[PDB]
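Chemist: Here come the first chain(s), positioned as in the complex:
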Amino acid sequence: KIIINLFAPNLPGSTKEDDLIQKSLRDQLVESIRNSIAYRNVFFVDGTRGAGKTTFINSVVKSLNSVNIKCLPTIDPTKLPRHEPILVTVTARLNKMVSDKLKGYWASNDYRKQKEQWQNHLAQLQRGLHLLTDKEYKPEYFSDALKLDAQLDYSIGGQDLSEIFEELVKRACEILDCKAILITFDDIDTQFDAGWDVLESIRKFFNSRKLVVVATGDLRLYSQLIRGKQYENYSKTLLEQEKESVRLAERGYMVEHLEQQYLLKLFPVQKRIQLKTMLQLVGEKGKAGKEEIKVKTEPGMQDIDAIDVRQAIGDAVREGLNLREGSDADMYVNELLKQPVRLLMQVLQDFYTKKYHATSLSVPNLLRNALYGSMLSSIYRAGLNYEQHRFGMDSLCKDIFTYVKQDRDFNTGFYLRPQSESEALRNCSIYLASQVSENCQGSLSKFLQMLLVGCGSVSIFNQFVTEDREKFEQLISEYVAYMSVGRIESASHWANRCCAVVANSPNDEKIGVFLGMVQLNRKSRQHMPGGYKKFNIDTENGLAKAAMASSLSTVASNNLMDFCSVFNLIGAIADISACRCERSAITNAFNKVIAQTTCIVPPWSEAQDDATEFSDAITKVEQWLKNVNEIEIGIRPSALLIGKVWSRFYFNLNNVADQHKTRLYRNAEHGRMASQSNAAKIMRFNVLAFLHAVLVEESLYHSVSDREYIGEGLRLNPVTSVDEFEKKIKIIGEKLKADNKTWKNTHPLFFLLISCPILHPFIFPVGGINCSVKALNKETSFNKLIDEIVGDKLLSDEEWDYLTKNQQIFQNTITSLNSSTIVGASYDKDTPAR
Amino acid sequence: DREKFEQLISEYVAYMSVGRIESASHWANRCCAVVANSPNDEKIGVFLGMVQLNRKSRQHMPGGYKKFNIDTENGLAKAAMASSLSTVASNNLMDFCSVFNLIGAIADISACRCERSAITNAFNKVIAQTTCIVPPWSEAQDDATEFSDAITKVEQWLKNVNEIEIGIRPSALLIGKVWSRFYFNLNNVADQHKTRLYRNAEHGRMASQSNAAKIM
């Protein structure tokens, strides 16, 4: 039972016996040292850099001084002169107390003998010490060497101070009547240039069984030190001559075995003791740990209700990062606890103390601050914007794009999962994930941007870009230069830019159809039968032309080549929710790509009254937006939440890129069957994908729901109908009516995504409705449920007959988009009927 | 140039996401794309132990072959198919019904073994939630009540296997050969059954024919 209070000073020296993290690890060496002196006596303590290292040395020295051992108070070579040998450091410390003991006798019988014996020993030390501190061996020092000191009858000849040192230790044993003398060297991790002298002093003079030595540090730096010091034993002329592949390997093998032998002779394995981080002490998800340690976050509450570190980390991250209780949130706790002990300690206390200060609210901001300063060293390697004035949406997507650059992954790259092979990149991900939940919290327009640039730009950069390893980085610089990724720009400009990117890849039989792309003819081809004709914009009605303007894009290549990029619908719905007032976002989003947007091919390519009626469409789109203010707050998006929804949408995007690609038919007018394909029906399946994309996985990662409304079974995408999708809606229907949960709060994005008047005309194209006996059964249920959700009736009464049976004035349906043609099919195969 | 030996090394540890912890079936999801990146000869729809369903409507089909429905079977078959389904999304989306997902689905079930969520959630991420993007080096009775019967039999088996799995002391050399033995074993159906498909494979009776069910 170990109790931790976060409002304690948290000093390295404030960790008392009660707060000692490793209670058993402190005493595990005590049994050895008591038995070691009783029967190379080099003790080492292993621990992660800055992970309970300080609390270990302080706890051990207090325990021993509390069998009789004088523990020399800790001496740290880092905070010591570099030139001064460590033998000088220890001898000064030993001489201190032993002659301190000889202060009050004042010519006692033992005093004169004991003081003389220690002073004589120091004479041998000093007369041998200068030999250690010699630039070169001078002849006058051989006079000391030739003249053998006839005192104390040492065995090893000459002025070797190795044997001279131990008779000093036994003198401190005699004067201070202690069975052993303990020395506790501190870390040399910060500066081991003078620590090399520490290692040599250990292996050269500390040989007597009566002195026990304790050292600390991390094995990796000592391994690098020895290899660096063993390399110095190689002459530079040799290291600069033999540049053979074998010669380097044989020398490489040599130094590798040098450090293994040196360490295994320096630090015996059985004497080595390693430090247990709390992750081991808490163990796996549910497995009971060796010891339980709790942290308290408030001074008002007692220690009775102490909560686990796994719970405290779990509670903080869960709603701090807006993560639902699940696999993703429970596995973030593992990542935090495997950091250095102090680092995760400093992060958690920083948030909890700031939580206490803030309460006296943008919760993700508070947790962002805790991880920002503590975990800032990884930012510079990752190139993240450490400046606090650039925390925008355009820069963050660039940083998300930048995070992908160092990870070289695109499937799991945009999930922002902090599990990369590099800890620095792994750490960079969580802060990047944390930043997403901060700026995008309580927003829907910014959510749609992350679908395009936050998670769609990385997706499109994989399929329609990559189609010499340094070329990968070279095209990246081309992408940041020409494509202007991360530069602030309208999603309409991005969509037309993205439309060109998707249009780069050509398809078979030269048909202009791609993933979510729809082609409109620009040339008046000869011998053109039927109602199919060149694309025209004036014929659409008020809402239709405005909706068409929300899905219109034109490239500026050598030949003008029109398209119906679906990303414009995403772009039109993204920027529209940023303002939601003043009737301003309409005035520029509908007309920016057609006229005042510059769209070109990439360098790597190788190519009535008009005003009055149109006012109703302008007013109608924004009237519903009177409620978004109170509903958009309820969204608490996370990086995984944005990543998960887009990944499914891209799966739902290409449902028509191939299945309705070759199925182009001459009689596709008023397409009644799933086999029949036209531009209107193709876009219907795409617009149905956008509304339904978030549906399935939003119930899985949203904190307001602890259950699943989708159900158990198989879930596919709407490909040629909504037979699957409508059944899922009805399943939710009995799972939203049984519970007293309105669909305007439990699924706010779903509530506020399908009610948009921008996409309303596209949903039921007159030429794109599946009029068949098997499909229309589910179509009626689909349309009755959806019109129930929007509240006010969407479609009028007359259009039901015309839509289901087969140029009436409709203001809620795209009309002429079916007449627009696709070039290259030639319509050779007619519609098969069976 | 031999940097390619290291650029292939560097790229694979990124795309495959080795060392990136996830569900076991998810580990095979990118494996499906790596399997499916190479189209075979004659575009014959048989791969290394992988089922390649048809979603298009080819004209004038005799026999009994058509689109395979998804809402007319039982939960037992639905549960196995959900645990035996893979998804990859290209310019031409190609739904899959791989076998490795069955090994992947059962893997995490033995771990969680409780909370009545892994038996429900581990099955369904691949079908819609887990979408594998094209690799960079390319050139492209109630609905849910019936599931209780499958759960009850699975729960009894889970009770059995949790108290039996305590005496397992495997070896890597054995396991390495176990996968290898599994590795060569799937190669037979991939190659030999490539030309074994025939027009009269309607519920075929002989090993000479190879229908969609025979391959799996």
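Modeler: Perfect, I can see it now. Numbering: from 1, shown residues only, chains lettered A, B, ... in the order given.

Chemist: can the helix or strand harbouring residue A:380 be found next to chain B?
Modeler: Assigned by DSSP states H and E, residue A:380 falls within helix A:377-382. No. On the criterion CB under 8 Å from any CB of the partner chain, helix A:377-382 is out of touch with chain B, staying 15.7 Å away. Quick note: C-beta positions are derived from backbone N, CA and C, even for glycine.

Chemist: how about residue A:95, what does it touch?
Modeler: Contacts for residue A:95 (CB atoms under 8 Å, 6 or more residues apart in numbering or on different chains) come out as A:118, A:122.

Chemist: Name the helix or strand for it, please.
Modeler: Using DSSP H and E, residue A:95 falls in helix A:86-101.

Chemist: How about residue A:387?
Modeler: For residue A:387, there is no enclosing helix or strand under DSSP H and E.

Chemist: ok, back up a step: would you indicate which residues of the helix holding residue A:95 are buried?
Modeler: Judged by neighbour count using 16 or more other CB atoms under 10 Å in any protein chain shown, the buried positions of helix A:86-101 are A:86, A:87, A:88, A:89, A:90, A:91, A:94, A:95, A:98, A:101.

Chemist: Check these and tell me the two furthest apart.
Modeler: The distance between the two most remote of the buried residues of helix A:86-101 (CB to CB) is 23.6 Å, for A:86 and A:101.

Chemist: Report the outermost residue of chain A with respect to its centre.
Modeler: Going by CA atoms, centre = their mean, the residue of chain A most distant from its centre is residue A:109, 72.9 Å out.

Chemist: residue closest to the middle of chain A?
Modeler: Closest-to-mean residue, chain A, CA atoms, centre = their mean: residue A:429 / 1.5 Å.

Chemist: Thought residue A:403 was touching that one, still the case?
Modeler: Yes. Counting by CB atoms under 8 Å, residue A:429 touches residue A:403, with 6.8 Å between them.

Chemist: Chain C should go on the structure too:
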Amino acid sequence: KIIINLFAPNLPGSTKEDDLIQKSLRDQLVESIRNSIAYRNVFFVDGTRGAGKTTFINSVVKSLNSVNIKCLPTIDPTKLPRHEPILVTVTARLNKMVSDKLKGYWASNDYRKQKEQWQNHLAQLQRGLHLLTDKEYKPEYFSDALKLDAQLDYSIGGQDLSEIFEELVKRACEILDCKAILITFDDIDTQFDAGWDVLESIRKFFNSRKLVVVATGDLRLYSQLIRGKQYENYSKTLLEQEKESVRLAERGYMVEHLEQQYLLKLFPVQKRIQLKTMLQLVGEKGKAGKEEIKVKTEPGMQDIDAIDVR
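Modeler: Chain C now in position relative to the chains above:
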């Protein structure tokens, strides 16, 4: 209401109380330091380079010159000879602040007793520090370096400044009748090469519970300094021998771990306060600024005639 004259000098020493940029952050820091003194006590103010850094430090010294915390005149390694150490300066800067008070007594009975305490302790520090004064450490110091003493509560023997200087800081507190000692720094972004000795002195001889130290600057420059120095720990041949990509990544990762832990243990996370940029003060175009900041644009315009800075 915050009004600042543009024709005014606007120098860091001329910033008036009403003309100060971050009106809430200084007192938040003053609350923090006084909160810590109740029970490493190292404070760092991460400010934007050339953006209200020294003037914010001047705000702290003015605030605490009004428990009681003595405020040292602010020091800076930049405005000093390059070879000059840092501990020698803080002792010099502390000595003048104890010599001015004692000379005020002018030979009193208490004055003699207190000054006897000071001269006794300084002589103790002179020998231990004298090794750092000269580049080469002569062997004669080792015979002179060793000296038996149980007084002053010597933590470790020989001559070490960790426990000597703590008592020196302590003796100031009884004499100056203050419960804390404050050392304030200035920008080292001008020349951060010499800032290493400040970082070493602050981690070696600034550890008492009764001392508070305030620094500033751009923390990325500290990372640039720390990262470069940590590479010096590796021998020259060690870098030359290991040239392959895995070894540069091995040292690439390891030095990141060193500076990461070093920065946290030197400057605590809860002790870092950022100086807000003018964009953060004004907020968004439609947002409401945290503090109303104006400009005294004309010599003859009225104070209430000040228009928004945007």
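
Chemist: same question on the contacts of residue A:95, but with chain C included?
Modeler: Residue A:95 is in contact with A:118, A:122, C:146, C:148, C:157, counting by CB under 8 Å, 6+ apart.

Chemist: same check, this time on residue A:757
Modeler: A:543, A:620, A:621, A:624.

Chemist: what about 10 Å?
Modeler: Residue A:757 makes contact with A:543, A:546-547, A:576, A:617, A:619-625, A:790, A:794, A:812, according to CB atoms under 10 Å, 6 or more residues apart in numbering or on different chains.

Chemist: which of these has the most neighbours?
Modeler: For the contacts of residue A:757, counting by other CB atoms under 10 Å in any protein chain shown, the largest number of neighbours falls to residue A:547: 28 neighbours.

Chemist: Not counting sequence-adjacent ones, nearest residue to that one?
Modeler: residue A:761 (4.6 Å; CB to CB, 6 or more residues apart in numbering or on different chains).

Chemist: and the residue in the stretch 151-300 of chain A that chain C sits nearest to, how many residues sit next to it?
Modeler: When scored by CB to the nearest CB, the stretch 151-300 of chain A has residue A:228 as its residue closest to chain C, at 3.5 Å. When neighbours are defined as other CB under 10 Å, residue A:228 has 23 of them.

Chemist: what distance separates the start and the end of stretch A:523-542?
Modeler: Terminal residues of stretch A:523-542 are spaced 26 Å apart (CA to CA, to the nearest Å).

Chemist: next one: it to chain centre, how far?
Modeler: Here stretch A:523-542 shows a centroid-to-chain-centroid distance of 50 Å under the convention CA atoms, centre = their mean, to the nearest Å.

Chemist: buried residues in it?
Modeler: A:532, A:535, A:540, A:541, A:542.

Chemist: these two touch, right, residue A:401 and residue A:456?
Modeler: No. Residue A:401 lies out of contact with residue A:456 (CB atoms under 10 Å); the separation is 11.1 Å.
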